[PDB]
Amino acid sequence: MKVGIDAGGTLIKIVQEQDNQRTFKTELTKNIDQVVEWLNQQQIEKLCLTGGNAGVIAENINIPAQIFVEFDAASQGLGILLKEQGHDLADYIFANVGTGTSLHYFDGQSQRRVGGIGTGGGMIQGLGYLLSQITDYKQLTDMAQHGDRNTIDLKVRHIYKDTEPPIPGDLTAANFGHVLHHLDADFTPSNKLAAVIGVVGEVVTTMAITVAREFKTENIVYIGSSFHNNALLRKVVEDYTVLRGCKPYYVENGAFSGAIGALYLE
């Protein structure tokens, strides 16, 4: 078997390949010592590593391993998955929404990093905890789906009131900008969580559409584990991408783009 691993700040993504059969595994970065243990017990023909925690794995295993930069690996795996799933895109921004968010422009042949921002899944988890005391990711995201952002977020129409706004009225003008107007409100953990996902999604999307414009592409591919068990995030991002005239794409096993990619840079 051949093994690729993308050991990130929060999740370890492990792909095992033998024959044309794949295994897609996810483990916590917290449990990296168990991954190393597991690896040390296997018969591995080829091990390729990428990610911020690649070094940790490499120093604790008993076999050589090639180490790749995660931007190249993500770009390589993503192209493999897009092709498999019938997306033949001439060029695209891809936004990798992990613990943090990294943006890339794929010109049809190779990637360049064109921005990043700290709004991503780590913010969903951290700010989400400060606002709900929930630490369990499934718990946090499930609850967020039951939330309403309306007493938290301010829209363009709330600011322009009964006059014609300069951009469409239903757009968010100020995330959390209605809070001071609803202090009669209680602010439910579900509503607060939905607003945190809301801001993360909007910021990622805004950045993605901006660079799409700059690098003259209409296609935006979103990957990263932050979309898992988070239909609200998927929806925020998808709707706003379409609204600004771009085409969003999600990819089956997109969160493993880097793990796959590592295998095929070797």
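For every residue, the number given is its place in the sequence shown, counted from 1.
**Q** Mean CA B-factor: is it higher for 80 to 88 or for 170 to 178?
**A** Of 170 to 178 and 80 to 88, the stretch with the higher C-alpha B-factor average is 80 to 88.
**Q** Could you check which stretch, 188 to 196 or 97 to 105, carries the larger mean CA temperature factor in the entry?
**A** 188 to 196 has the higher mean C-alpha B-factor.
**Q** Select one of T210, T50, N219, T26: the residue whose C-alpha shows the highest B-factor in the crystal structure entry.
**A** The listed residue with the largest C-alpha B-factor is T26.
**Q** Sort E238, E214, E59, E70 by C-alpha B-factor from the entry and give me just the highest.
**A** Out of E238, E214, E59, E70, the record gives the largest C-alpha B-factor to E59.
**Q** Name the third of the chain's ranked CA B-factors that contains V36, choosing lowest, middle or highest.
**A** For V36, the deposited C-alpha B-factor lands in the highest third.
**Q** Please rank the C-alpha B-factors of the chain's modelled residues and tell me whether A65 sits in the lowest, middle or highest third.
**A** Middle third, going by the recorded CA B-factors of the chain.
**Q** Among the modelled residues of this chain, does the Cα B factor of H228 put it in the lowest, middle or highest third?
**A** Tercile = middle for this residue's CA B-factor.
**Q** Using the temperature factors of the C-alpha atoms in this entry, rank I44 within its chain: lowest, middle or highest third.
**A** Ranked within chain, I44 CA B lands in the highest tercile.
**Q** Can you tell me whether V3 has a C-alpha B-factor in the lowest, middle or highest third compared with the other modelled residues of the same chain?
**A** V3: CA B-factor falls in the middle third of its chain.
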